[PDB]
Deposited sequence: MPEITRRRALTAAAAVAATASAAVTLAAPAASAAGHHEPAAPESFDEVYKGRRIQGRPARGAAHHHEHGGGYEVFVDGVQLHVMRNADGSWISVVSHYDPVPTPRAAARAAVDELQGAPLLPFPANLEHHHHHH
């Protein structure tokens, strides 16, 4: 079952998620229009490449963790 899509502005940045050199992962996340690699773990938690070792419950939580990590910086594409 894929998670639902989402779209919001979080700490001033547009984050989006949608069901769909890296894995073919069934969900995409974008931060200000740039795609962020994210991955789902067996227990249903999610991570992203900029917060890979800290599982969070949902792809939106991963997108928000990425905006926190970035501290305003643009993401570079993978």
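- Unmodelled segments of the deposited chain, in sequence order: 1-39, 60-65, 124-134.
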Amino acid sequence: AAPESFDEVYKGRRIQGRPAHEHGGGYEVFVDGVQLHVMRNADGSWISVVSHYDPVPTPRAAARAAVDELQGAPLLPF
From here on, numbers count along this sequence of modelled residues.
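- For the segment pair 22-30 and 38-46, the entry gives 22-30 the higher mean B-factor, averaged over Cα atoms.
- With 9-17 and 55-63 compared on mean CA B-factor from the PDB entry, the stretch scoring higher is 9-17.
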